[PDB]
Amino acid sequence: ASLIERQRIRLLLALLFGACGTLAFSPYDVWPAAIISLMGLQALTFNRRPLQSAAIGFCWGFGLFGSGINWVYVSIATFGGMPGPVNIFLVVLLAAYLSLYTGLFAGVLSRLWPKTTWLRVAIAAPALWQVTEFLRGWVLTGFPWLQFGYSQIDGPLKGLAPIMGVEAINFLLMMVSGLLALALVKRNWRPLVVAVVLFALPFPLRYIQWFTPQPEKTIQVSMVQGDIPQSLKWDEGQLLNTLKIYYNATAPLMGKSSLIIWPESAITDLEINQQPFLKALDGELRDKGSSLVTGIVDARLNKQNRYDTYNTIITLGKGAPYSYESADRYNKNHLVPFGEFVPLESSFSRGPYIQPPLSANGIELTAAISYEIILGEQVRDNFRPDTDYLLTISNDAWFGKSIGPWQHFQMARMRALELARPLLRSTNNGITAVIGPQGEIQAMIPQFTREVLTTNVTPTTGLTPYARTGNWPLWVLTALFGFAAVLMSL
């Protein structure tokens, strides 16, 4: 009974509608919850003053991020080792910082398009949501966690991703959710019909196969989930058992699996420190028909008498003879704030933004370390037409035993769909899996086990429209909409 037009009631409902958006992502996977969450954001800001709207947008974000990324508590607790209330204080600060961008979006949309109208809801909102979400993923190196439409990896809109990227699905979901909110508030059937047509049109695109599989190039791949406990991983006494654990798991696979993979920083020692182990392993792998890629840390002495420490992937074995001077390697480019460096200016150095694909046993792998797999444009920029598989290695203990590793895993799936390549995901303990060229999960082992995933995987060829272009077609769309919306407010 009309309680909705009290500002404090709008703030509370925004928290609920924002929290509802968390159900859209893995492991919950209720993709309609993304539309309901966006409907609340669009509707709760109708007929509000700009700062009233910004507060509602902030509270929507606080429910979304407060419920969606509170697993970073485990990251902070594992990193800092401080009492609980201290880590809660930092988590609330994180969710509050990210909610500035959802409040930015609501405040500006209310300031420039105050009226409840199709223009505000279907033209201005998706274009401005694209800008404010870019800023969230760019400012201070950014944190673009939780974009709806990553929830469409198994949904009716998935065919959009190979054409224009996952951000196109962010764009369309906001558009459709606005017109549903518009139809509800104005009690009008026309915006609902347009919303249904807009939602339904991209459905036949999921029956498009942009890739060409190569069945006779199929190889057996093994991914060693060593499951080193995080409290022990970097202890100096653990190093010798870690190398034992991984070598013993790999020995029965040599000569059977063409490609063997160890996860991020599996060898918890400097690369210069392990030349005896690496050289011996390389020869045994070459003598059998096998190849190995593994994570490690590299403190490399540079031209100016100093060491740049990297989070790196190295290659060994058949078709990739190991050498400390070999260019057949990958250095992490996008480091994690506080975890791997500090925003001010022992830290990690960054590899180049674009690095060549890894080569191993005649296989070409486009690599990204952990978090980097969510950087869709960056993964696309490193992709090459001759890339056979996408590769990501990660240590998802930093994501908790919670929803964290599943949200990370979900977004890695989008890379395979966007580029029409199989994705090899090797992790220390959290969701090791092979993803097919359409985002489907071909093989997977349970978390928190010490075992290896061995299966057949088939490489693909072909270029999706998104692999050809990248983000610029969507950007010219938000520019055309932004130009039109700004002029329409004449």
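One rule holds for the numbers: they count along the sequence shown, beginning at 1.
K.L.:
Is there a break between residue 345 and residue 346, and how many deposited residues does it span: none, 1 to 3, 4 to 9, or 10 or more?
P.N.:
In the deposited sequence, 10 or more residues between these two have no coordinates.
K.L.:
So, looking at the entry's B-factor column for Cα atoms, which has the higher mean, 173-181 or 112-120?
P.N.:
Averaging CA B-factors over each stretch, the winner is 112-120.
K.L.:
May I ask you to compare 149-157 and 398-406 by their mean CA B factor in the entry and name the higher one?
P.N.:
Mean CA B-factor is higher for 398-406.
K.L.:
Highest recorded C-alpha temperature factor, please, choosing from 226, 162, 337, 137.
P.N.:
Result of the comparison over 226, 162, 337, 137: 337.
K.L.:
Among 418, 388, 287, 381, which carries the highest Cα B-factor?
P.N.:
Of the candidates given, the C-alpha B-factor peaks at 287.
K.L.:
Looking at the temperature factor on the CA atom of residue 462, which third of the chain's modelled residues does it land in?
P.N.:
Middle third by C-alpha B-factor.
K.L.:
Lowest, middle or highest third of the chain for the C-alpha temperature factor of residue 51?
P.N.:
For residue 51, whose C-alpha B-factor we compare with every modelled residue in the chain, the answer is the highest third.
K.L.:
Using the temperature factors of the C-alpha atoms in this entry, rank residue 319 within its chain: lowest, middle or highest third.
P.N.:
As the PDB entry reports it, the C-alpha B-factor of residue 319 lands in the highest third of its chain.
K.L.:
Considering only modelled residues of the same chain, in which third does the CA B-factor of residue 430 rank: lowest, middle or highest?
P.N.:
Answer is highest: the recorded C-alpha B-factor places it there.
K.L.:
Is the Cα B-factor recorded for residue 413 in the lowest, middle or highest third of its chain?
P.N.:
It belongs to the lowest third of the chain when residues are ordered by C-alpha B-factor.
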